[PDB]
Amino acid sequence: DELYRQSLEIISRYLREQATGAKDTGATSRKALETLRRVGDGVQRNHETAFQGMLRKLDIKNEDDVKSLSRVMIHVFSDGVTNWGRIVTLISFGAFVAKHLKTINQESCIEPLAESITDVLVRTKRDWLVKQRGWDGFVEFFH
Ligand SMILES: O=C(O)c1cc(SCCc2ccccc2)ccc1NS(=O)(=O)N1CCN(c2ccccc2)CC1
Ligand SMILES: O=C(O)c1cc(SCCc2ccccc2)ccc1NS(=O)(=O)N1CCN(c2ccccc2)CC1
């Protein structure tokens, strides 16, 4: 799936940049990162309170914590209205969790976190993402 692999590249790179501050390792994939850096950073500033609250409540300190959350996150994310704000909040929350993982570690484990965020996104929103012209539709929505 091109939608799954494209989503994994964009979500993994943003979470890696956010956790470190660089970061260290098809124009739409590139233009989606620049939009996500701009809108994603804004969501992390405007909703830090709710992000700190969810993070404290979920705890999330290891890969086993990352795995069990995804199984709950798939179910609750498939419920209710879908829009780009909701999708960027999911990714923004992923970046917020990743910054916390680097804070209590040395780096990892943010790669299984990015896979779990992508799996939540593509498994629950694939039809809507298709109807919205995928990651290209994302760039236009926040031009
Ligand atoms: O999004 C934020 O970060 C958020 C922050 C505050 S804190 C008071 C802010 C305020 C503003 C102006 C003047 C006085 C107080 C209050 C609401 C905020 N969001 S939500 O958009 O209204 N929202 C989303 C987060 N919600 C949540 C639900 C369950 C578990 C944890 C969080 C609560 C509902
Ligand atoms: O998009 C929604 O459907 C959405 C709904 C709520 S209501 C859950 C409040 C809560 C309470 C305790 C601990 C964590 C979260 C809050 C945030 C929402 N989105 S998100 O910010 O994009 N996000 C992150 C939190 N997610 C989560 C839900 C249940 C267990 C574990 C994680 C849902 C996806």
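Filtering the range 36-68 down to residues that are within 14 Å of ligand 1 (Cβ to nearest atom) and closer than 20 Å to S7 by Cβ, which residue is surrounded by the most Cβ atoms within 10 Å (Cβ to Cβ)?
Here the answer is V43.
Does any residue in the range 27-56 that is at negative phi come within less than 7 Å, Cβ to Cβ, of a residue that is near ligand 1 (Cβ under 10 Å from one of its atoms) and hydrophobic (A, V, I, L, M, F, W, C) six or more places away or on a different chain, and which pairs are these?
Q44/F51
Which one of these is over 25 Å from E140 (Cβ atoms) and surrounded by 14 or more Cβ atoms within 10 Å (Cβ to Cβ): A19, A114?
None of the other options fit; the residue is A19.
Every residue in the range 2-42 that is within 20 Å of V122 (Cβ to Cβ) and β-branched (V, I, T), please.
Once the filter is applied, which keeps residues that are within 20 Å of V122 (Cβ to Cβ) and β-branched (V, I, T), the range 2-42 yields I10, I11, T28, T35, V39.
Taking interchain pairs and intrachain pairs at least six residues apart, which have beta carbon atoms under 8 angstrom, with the first residue in the range 71-91 and outside any helix (DSSP H, G or I) and the second away from ligand 1 (no atom under 14 Å from the Cβ)?
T82/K125; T82/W128
Can you name every residue in the range 6-59 that is within 13 Å of ligand 2 (Cβ to nearest atom) and among the basic types (K, R)?
If the condition is that a residue be within 13 Å of ligand 2 (Cβ to nearest atom) and among the basic types (K, R), then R56, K57 are the ones that fit.
Being over 16 Å from the mean Cα position of the chain (by Cα) and assigned to a helix (DSSP H, G or I) narrows it down to one residue among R56, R37, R45; which is it?
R56
Note: ideal-geometry Cβ built from the backbone for every residue, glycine included; neighbour counts use all protein chains shown. A short reminder: the numbers here are calculations on the coordinates, not readings from a lab.
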